[PDB]
Amino acid sequence: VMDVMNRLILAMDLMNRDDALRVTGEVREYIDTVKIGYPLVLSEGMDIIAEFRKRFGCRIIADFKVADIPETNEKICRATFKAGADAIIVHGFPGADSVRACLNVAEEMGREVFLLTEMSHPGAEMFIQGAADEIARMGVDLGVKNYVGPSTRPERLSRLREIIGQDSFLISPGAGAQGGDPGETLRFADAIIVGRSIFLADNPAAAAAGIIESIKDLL
Amino acid sequence: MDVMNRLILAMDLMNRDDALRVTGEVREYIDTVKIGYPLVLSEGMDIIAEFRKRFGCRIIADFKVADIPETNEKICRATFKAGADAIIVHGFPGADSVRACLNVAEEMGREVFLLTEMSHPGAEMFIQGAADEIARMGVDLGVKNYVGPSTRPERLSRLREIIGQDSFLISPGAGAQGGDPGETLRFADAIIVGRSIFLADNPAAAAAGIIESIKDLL
Ligand SMILES: O=c1cc(O)n([C@@H]2O[C@H](COP(=O)(O)O)[C@@H](O)[C@H]2O)c(=O)[nH]1
Ligand SMILES: O=c1cc(O)n([C@@H]2O[C@H](COP(=O)(O)O)[C@@H](O)[C@H]2O)c(=O)[nH]1
């Protein structure tokens with residue numbers, strides 16, 4: 001599994017290249033893994049991955065929540081890995097063929113797939129939550145090794161950890177701005193994803209350092 | 001939305017030169033292009049403005065938006081800034097995620113299309129069982145534009161029943177995935193067609209042929 005420094009992944013969802021680069025640079029001593037999603041990519045282009053690699057050397061998880069038919073999923077994964085992403089996040093709710101398409105490209109290209117199981121926001125309760133245990137079980141059956149589950153629902157995160165086993169890698173968004181607790185979340189997740197409570201802080205480095213201090217016994 | 005010939009081109013070629021050339025070859029037949037991540041991630045969001053400059057076609061950004069509300073708002077803002085007229089949003093992540101997109105679309109003078117059931121086999125696993133409820137949710141939220149599957153006309157018909165005849169319904173899966181254009185247009189206002197056109201030996205002839213096969217429906 002990837003070795004995530006300080007069990008902390010920055011969600012870099014600022015949409016301005018200069019701000020995104022500044023903040024990431026300021027927290028680089030604390031974090032060696034950055035999640036780049038569509039807010040930044042659709043604003044600044046896929047080259048932003050290259051620019052982060054050039055500037056920081058951080059691992060890059062492309063949070064693209066891939067959610068199309070197998071044919072299109074393959075093309076998205078190819079484009080994303082060609083651009084230099086280490087890993088891509090894929091939705092499980094569109095089913096096994098759609099996930100398999102992503103796994104096939106990742107295998108061919110020597111990269112990683114993360115399977116998003118349950119989501120952290122309130123709306124996740126409407127449809128995703130009821131499917132999430134089965135989505136995780138499907139992931140295990142397909143050979144998925146990396147997963148995403150919600151900090152906002154520790155009870156659900158705990159169940160998802162059980163399903164995927166202790167050897168699987170699990171990352172978790174929702175701590176901070178969405179109300180999740182870093183320490184509680186790290187009982188189950190290998191690493192926490194944190195966005196706004198770092199990148200909107202007056203001092204993002206201090207914010208990251210503070211989170212790390214609060215979980216220091218867990219490192 | 002008024003779609004010429006009830007035919008929306010899914011431009012999923014990844015090379016700018018090829019995408020522009022093939023679109024140009026079929027431009028007389030369409031006035032609506034669906035641009036997705038295969039093209040956008042290969043050539044950048046500037047491709048949308050380029051299509052508008054060259055073709056003056058309407059642009060549907062097929063981004064299958066499927067994040068939390070905060071992120072969905074950012075995605076929609078970036079997408080509409082690039083000149084998309086509409087965006088396709090998944091319903092499976094729930095009402096708040098859809099509402100986030102509706103809010104931005106209203107602010108920027110654009111449309112949201114709600115994807116209910118998908119066309120591929122894996123849609124049967126989780127999406128199909130939720131799809132009627134996703135459609136009802138769309139109705140409750142005031143969604144007027146929907147996407148459902150050419151590959152399952154009984155499901156497409158049910159989706160039409162739920163949303164009513166006043167709603168606008170577009171449908172992928174005709175051609176390459178096995179759907180039939182004419183049958184699909186019994187229920188959908190327009191069909192989305194990708195590979196059957198853009199991978200054809202002669203894309204213009206492929207488009208012309210499809211339109212000929214549905215001429216009585218135009
Ligand atoms: O269930 C999920 C899955 C996610 O990827 N995310 C992502 O994780 C990040 C959370 O950021 P924040 O710490 O600002 O709430 C965002 O990039 C969001 O898109 C999430 O919030 N919930
Ligand atoms: O359920 C759906 C929803 C889609 O947007 N699509 C999209 O519609 C297009 C179908 O292309 P094609 O005609 O080559 O099968 C692709 O861009 C695909 O991503 C789909 O196939 N099924």
# chains A, B, ... in the order shown; residues from 1 in each chain; ligands from 1

$ interface_residues --of "chain A" --to "chain B" --cutoff "10 Å" --atoms "only C-alpha atoms" --output "NGL selection string"
:A and (13-15 or 37-47 or 63-80 or 82-83 or 91-99 or 118-132 or 134-135)

$ residues_around --residues "residue A:20" --least-positions-apart "6" --cutoff "12 Å" --atoms "only C-alpha atoms" --output "MDAnalysis selection string"
chainID A and resid 10:14 26:27 34:37 39:41 43:44 48:49 51:52 55:56 195:196 198:200 204

$ write_last_selection --atoms "N, CA and C atoms" --output "PDB file, in the first residue's frame"
ATOM      1  N   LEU A  10      -4.168  15.742   1.615  1.00  0.00           N
ATOM      2  CA  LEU A  10      -4.773  17.035   1.337  1.00  0.00           C
ATOM      3  C   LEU A  10      -5.746  16.956   0.161  1.00  0.00           C
ATOM      4  N   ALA A  11      -6.973  17.413   0.368  1.00  0.00           N
ATOM      5  CA  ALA A  11      -7.925  17.540  -0.725  1.00  0.00           C
ATOM      6  C   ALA A  11      -7.772  18.953  -1.276  1.00  0.00           C
ATOM      7  N   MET A  12      -7.088  19.077  -2.407  1.00  0.00           N
ATOM      8  CA  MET A  12      -6.803  20.397  -2.951  1.00  0.00           C
ATOM      9  C   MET A  12      -7.883  20.806  -3.934  1.00  0.00           C
ATOM     10  N   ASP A  13      -8.938  21.405  -3.388  1.00  0.00           N
ATOM     11  CA  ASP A  13     -10.112  21.803  -4.170  1.00  0.00           C
ATOM     12  C   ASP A  13     -10.199  23.306  -4.438  1.00  0.00           C
ATOM     13  N   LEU A  14      -9.112  24.033  -4.199  1.00  0.00           N
ATOM     14  CA  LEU A  14      -9.049  25.419  -4.669  1.00  0.00           C
ATOM     15  C   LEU A  14      -9.035  25.415  -6.190  1.00  0.00           C
ATOM     16  N   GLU A  26       2.961  25.194   1.000  1.00  0.00           N
ATOM     17  CA  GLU A  26       3.058  25.527   2.417  1.00  0.00           C
ATOM     18  C   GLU A  26       2.873  24.321   3.323  1.00  0.00           C
ATOM     19  N   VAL A  27       2.128  23.320   2.866  1.00  0.00           N
ATOM     20  CA  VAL A  27       1.890  22.170   3.731  1.00  0.00           C
ATOM     21  C   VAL A  27       2.741  20.958   3.372  1.00  0.00           C
ATOM     22  N   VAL A  34      -1.515  14.071  -2.256  1.00  0.00           N
ATOM     23  CA  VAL A  34      -2.495  15.108  -2.531  1.00  0.00           C
ATOM     24  C   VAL A  34      -3.595  14.537  -3.418  1.00  0.00           C
ATOM     25  N   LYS A  35      -4.841  14.796  -3.026  1.00  0.00           N
ATOM     26  CA  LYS A  35      -6.000  14.421  -3.826  1.00  0.00           C
ATOM     27  C   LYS A  35      -6.400  15.629  -4.663  1.00  0.00           C
ATOM     28  N   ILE A  36      -6.347  15.470  -5.986  1.00  0.00           N
ATOM     29  CA  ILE A  36      -6.742  16.515  -6.928  1.00  0.00           C
ATOM     30  C   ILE A  36      -8.029  16.051  -7.597  1.00  0.00           C
ATOM     31  N   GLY A  37      -9.048  16.902  -7.555  1.00  0.00           N
ATOM     32  CA  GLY A  37     -10.334  16.556  -8.126  1.00  0.00           C
ATOM     33  C   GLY A  37     -10.716  17.461  -9.271  1.00  0.00           C
ATOM     34  N   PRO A  39     -12.822  20.121  -9.278  1.00  0.00           N
ATOM     35  CA  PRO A  39     -12.781  21.581  -9.097  1.00  0.00           C
ATOM     36  C   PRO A  39     -11.485  22.210  -9.622  1.00  0.00           C
ATOM     37  N   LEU A  40     -10.346  21.594  -9.333  1.00  0.00           N
ATOM     38  CA  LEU A  40      -9.063  22.128  -9.804  1.00  0.00           C
ATOM     39  C   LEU A  40      -8.766  21.751 -11.258  1.00  0.00           C
ATOM     40  N   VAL A  41      -9.001  20.492 -11.613  1.00  0.00           N
ATOM     41  CA  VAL A  41      -8.722  20.042 -12.974  1.00  0.00           C
ATOM     42  C   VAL A  41      -9.568  20.747 -14.033  1.00  0.00           C
ATOM     43  N   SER A  43     -10.738  23.641 -13.844  1.00  0.00           N
ATOM     44  CA  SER A  43     -10.363  25.048 -13.843  1.00  0.00           C
ATOM     45  C   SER A  43      -9.006  25.308 -14.481  1.00  0.00           C
ATOM     46  N   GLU A  44      -8.086  24.366 -14.355  1.00  0.00           N
ATOM     47  CA  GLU A  44      -6.698  24.632 -14.715  1.00  0.00           C
ATOM     48  C   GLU A  44      -6.088  23.611 -15.670  1.00  0.00           C
ATOM     49  N   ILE A  48      -2.176  20.328 -14.470  1.00  0.00           N
ATOM     50  CA  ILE A  48      -1.989  20.703 -13.072  1.00  0.00           C
ATOM     51  C   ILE A  48      -1.369  19.536 -12.298  1.00  0.00           C
ATOM     52  N   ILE A  49      -1.643  18.314 -12.741  1.00  0.00           N
ATOM     53  CA  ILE A  49      -1.045  17.134 -12.127  1.00  0.00           C
ATOM     54  C   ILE A  49       0.463  17.175 -12.338  1.00  0.00           C
ATOM     55  N   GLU A  51       2.245  19.801 -12.963  1.00  0.00           N
ATOM     56  CA  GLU A  51       2.825  20.915 -12.238  1.00  0.00           C
ATOM     57  C   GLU A  51       3.030  20.590 -10.764  1.00  0.00           C
ATOM     58  N   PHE A  52       2.088  19.872 -10.164  1.00  0.00           N
ATOM     59  CA  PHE A  52       2.248  19.434  -8.783  1.00  0.00           C
ATOM     60  C   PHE A  52       3.419  18.471  -8.648  1.00  0.00           C
ATOM     61  N   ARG A  55       6.662  20.491  -8.917  1.00  0.00           N
ATOM     62  CA  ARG A  55       6.906  21.382  -7.790  1.00  0.00           C
ATOM     63  C   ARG A  55       7.116  20.661  -6.454  1.00  0.00           C
ATOM     64  N   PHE A  56       6.360  19.591  -6.210  1.00  0.00           N
ATOM     65  CA  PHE A  56       6.269  19.013  -4.865  1.00  0.00           C
ATOM     66  C   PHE A  56       6.684  17.554  -4.757  1.00  0.00           C
ATOM     67  N   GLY A 195      -9.768  18.736   3.370  1.00  0.00           N
ATOM     68  CA  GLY A 195      -9.739  19.835   2.415  1.00  0.00           C
ATOM     69  C   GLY A 195      -9.843  21.197   3.084  1.00  0.00           C
ATOM     70  N   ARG A 196     -11.064  21.700   3.197  1.00  0.00           N
ATOM     71  CA  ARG A 196     -11.311  23.079   3.613  1.00  0.00           C
ATOM     72  C   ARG A 196     -10.695  23.477   4.953  1.00  0.00           C
ATOM     73  N   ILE A 198      -8.032  22.750   6.111  1.00  0.00           N
ATOM     74  CA  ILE A 198      -6.654  23.150   5.840  1.00  0.00           C
ATOM     75  C   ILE A 198      -6.572  24.302   4.844  1.00  0.00           C
ATOM     76  N   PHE A 199      -7.130  24.144   3.647  1.00  0.00           N
ATOM     77  CA  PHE A 199      -6.862  25.124   2.601  1.00  0.00           C
ATOM     78  C   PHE A 199      -7.591  26.463   2.732  1.00  0.00           C
ATOM     79  N   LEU A 200      -8.604  26.541   3.599  1.00  0.00           N
ATOM     80  CA  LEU A 200      -9.269  27.814   3.870  1.00  0.00           C
ATOM     81  C   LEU A 200      -8.749  28.467   5.152  1.00  0.00           C
ATOM     82  N   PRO A 204      -2.570  27.521   6.467  1.00  0.00           N
ATOM     83  CA  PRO A 204      -2.799  26.099   6.187  1.00  0.00           C
ATOM     84  C   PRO A 204      -1.751  25.192   6.827  1.00  0.00           C
TER      85      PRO A 204
END

$ select_by_dssp --residues "stretch 64-171 of chain A" --states "helix (DSSP H, G or I)" --output "number ranges by chain"
A: 70-82, 96-109, 122-125, 128-142, 154-164

$ write_last_selection --atoms "C-alpha atoms" --output "tab-separated table (two decimals), in the first residue's frame"
chain	number	residue	atom	x	y	z
A	70	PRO	CA	-17.18	0.49	-19.10
A	71	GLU	CA	-16.12	1.92	-22.50
A	72	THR	CA	-16.05	5.50	-21.24
A	73	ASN	CA	-14.52	4.53	-17.89
A	74	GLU	CA	-11.59	2.99	-19.77
A	75	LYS	CA	-10.99	6.20	-21.71
A	76	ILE	CA	-11.18	8.35	-18.56
A	77	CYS	CA	-8.69	6.12	-16.74
A	78	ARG	CA	-6.31	6.13	-19.72
A	79	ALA	CA	-6.35	9.93	-19.96
A	80	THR	CA	-5.91	10.31	-16.21
A	81	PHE	CA	-2.97	7.93	-15.89
A	82	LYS	CA	-1.34	9.37	-19.07
A	96	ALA	CA	-19.00	-4.50	-11.48
A	97	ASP	CA	-18.34	-4.10	-15.21
A	98	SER	CA	-17.74	-0.38	-14.78
A	99	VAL	CA	-15.30	-1.02	-11.92
A	100	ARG	CA	-13.56	-3.85	-13.79
A	101	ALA	CA	-12.94	-1.56	-16.76
A	102	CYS	CA	-11.01	0.79	-14.46
A	103	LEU	CA	-9.08	-2.06	-12.82
A	104	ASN	CA	-8.05	-3.35	-16.24
A	105	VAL	CA	-6.56	-0.01	-17.27
A	106	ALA	CA	-4.87	0.48	-13.90
A	107	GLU	CA	-3.30	-2.99	-14.17
A	108	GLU	CA	-2.07	-2.37	-17.72
A	109	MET	CA	-0.68	1.04	-16.79
A	122	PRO	CA	-26.39	13.60	3.97
A	123	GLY	CA	-27.76	12.62	0.54
A	124	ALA	CA	-25.65	9.45	0.66
A	125	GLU	CA	-28.35	8.01	2.93
A	128	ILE	CA	-25.74	4.82	-1.64
A	129	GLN	CA	-25.83	3.76	2.00
A	130	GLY	CA	-28.16	0.83	1.33
A	131	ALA	CA	-25.91	-0.42	-1.46
A	132	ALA	CA	-22.58	0.31	0.22
A	133	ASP	CA	-21.92	-3.00	2.02
A	134	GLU	CA	-22.56	-4.85	-1.25
A	135	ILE	CA	-20.42	-2.37	-3.19
A	136	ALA	CA	-17.57	-3.06	-0.78
A	137	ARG	CA	-18.11	-6.85	-1.03
A	138	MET	CA	-18.10	-6.54	-4.82
A	139	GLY	CA	-14.82	-4.65	-4.58
A	140	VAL	CA	-13.30	-7.45	-2.52
A	141	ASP	CA	-14.50	-10.02	-5.05
A	142	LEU	CA	-13.00	-7.99	-7.92
A	154	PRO	CA	-17.88	6.05	12.05
A	155	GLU	CA	-20.30	3.13	12.46
A	156	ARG	CA	-20.50	2.73	8.69
A	157	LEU	CA	-16.75	3.22	8.28
A	158	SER	CA	-16.20	0.47	10.86
A	159	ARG	CA	-18.46	-1.95	8.96
A	160	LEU	CA	-16.75	-1.12	5.67
A	161	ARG	CA	-13.36	-1.81	7.27
A	162	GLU	CA	-14.66	-5.21	8.39
A	163	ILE	CA	-15.88	-6.05	4.90
A	164	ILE	CA	-12.63	-5.12	3.15

$ residues_around --residues "stretch 160-167 of chain B" --least-positions-apart "2" --cutoff "6 Å" --atoms "only C-alpha atoms" --output "list in words"
residues 144, 145, 157 and 158 of chain B

$ decode --residues "stretch 45-71 of chain B" --atoms "N, CA and C atoms" --output "short mmCIF file (atom, residue, chain, number, x, y, z; two decimals), in the first residue's frame"
data_model
loop_
_atom_site.label_atom_id
_atom_site.label_comp_id
_atom_site.auth_asym_id
_atom_site.auth_seq_id
_atom_site.Cartn_x
_atom_site.Cartn_y
_atom_site.Cartn_z
N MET B 45 -10.64 21.90 -21.18
CA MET B 45 -11.95 22.52 -21.19
C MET B 45 -12.12 23.58 -22.28
N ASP B 46 -11.01 24.10 -22.79
CA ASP B 46 -11.07 25.07 -23.89
C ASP B 46 -11.72 24.48 -25.15
N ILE B 47 -11.81 23.15 -25.22
CA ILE B 47 -12.43 22.49 -26.37
C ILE B 47 -13.90 22.89 -26.54
N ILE B 48 -14.57 23.19 -25.43
CA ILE B 48 -15.97 23.60 -25.48
C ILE B 48 -16.12 24.91 -26.24
N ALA B 49 -15.32 25.91 -25.88
CA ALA B 49 -15.37 27.19 -26.57
C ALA B 49 -15.02 27.01 -28.04
N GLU B 50 -14.08 26.11 -28.32
CA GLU B 50 -13.68 25.87 -29.71
C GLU B 50 -14.84 25.30 -30.53
N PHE B 51 -15.60 24.37 -29.96
CA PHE B 51 -16.77 23.85 -30.66
C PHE B 51 -17.80 24.94 -30.92
N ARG B 52 -18.00 25.82 -29.95
CA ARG B 52 -18.96 26.91 -30.13
C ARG B 52 -18.50 27.88 -31.22
N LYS B 53 -17.20 28.14 -31.26
CA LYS B 53 -16.64 29.02 -32.28
C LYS B 53 -16.80 28.41 -33.67
N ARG B 54 -16.56 27.11 -33.79
CA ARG B 54 -16.57 26.46 -35.09
C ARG B 54 -17.95 26.07 -35.58
N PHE B 55 -18.83 25.67 -34.67
CA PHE B 55 -20.08 25.04 -35.06
C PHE B 55 -21.32 25.75 -34.55
N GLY B 56 -21.19 26.51 -33.47
CA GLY B 56 -22.33 27.18 -32.89
C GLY B 56 -23.38 26.14 -32.56
N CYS B 57 -22.93 25.00 -32.05
CA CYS B 57 -23.81 23.94 -31.58
C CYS B 57 -24.04 24.13 -30.09
N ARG B 58 -25.16 23.63 -29.57
CA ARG B 58 -25.30 23.59 -28.12
C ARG B 58 -24.41 22.47 -27.58
N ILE B 59 -23.92 22.66 -26.36
CA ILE B 59 -22.98 21.74 -25.75
C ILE B 59 -23.52 21.20 -24.44
N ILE B 60 -23.69 19.88 -24.38
CA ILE B 60 -24.04 19.21 -23.13
C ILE B 60 -22.78 18.61 -22.56
N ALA B 61 -22.40 19.04 -21.35
CA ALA B 61 -21.22 18.50 -20.68
C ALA B 61 -21.60 17.24 -19.91
N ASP B 62 -21.17 16.10 -20.42
CA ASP B 62 -21.55 14.84 -19.80
C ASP B 62 -20.51 14.46 -18.77
N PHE B 63 -20.66 15.03 -17.58
CA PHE B 63 -19.64 14.87 -16.55
C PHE B 63 -20.11 13.95 -15.42
N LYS B 64 -21.29 13.35 -15.57
CA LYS B 64 -21.79 12.36 -14.61
C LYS B 64 -21.54 12.84 -13.18
N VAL B 65 -21.94 14.07 -12.89
CA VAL B 65 -21.52 14.70 -11.64
C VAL B 65 -22.02 13.87 -10.46
N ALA B 66 -21.13 13.49 -9.55
CA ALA B 66 -21.48 12.49 -8.54
C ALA B 66 -20.71 12.67 -7.23
N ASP B 67 -20.59 13.93 -6.82
CA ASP B 67 -19.85 14.28 -5.61
C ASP B 67 -20.78 14.80 -4.52
N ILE B 68 -20.19 15.27 -3.42
CA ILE B 68 -20.96 15.91 -2.35
C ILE B 68 -21.42 17.30 -2.84
N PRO B 69 -22.41 17.90 -2.17
CA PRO B 69 -22.94 19.17 -2.68
C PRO B 69 -21.89 20.27 -2.89
N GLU B 70 -20.99 20.46 -1.93
CA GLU B 70 -19.95 21.49 -2.04
C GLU B 70 -19.13 21.33 -3.32
N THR B 71 -18.67 20.11 -3.58
CA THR B 71 -17.86 19.84 -4.74
C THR B 71 -18.67 19.92 -6.03
#
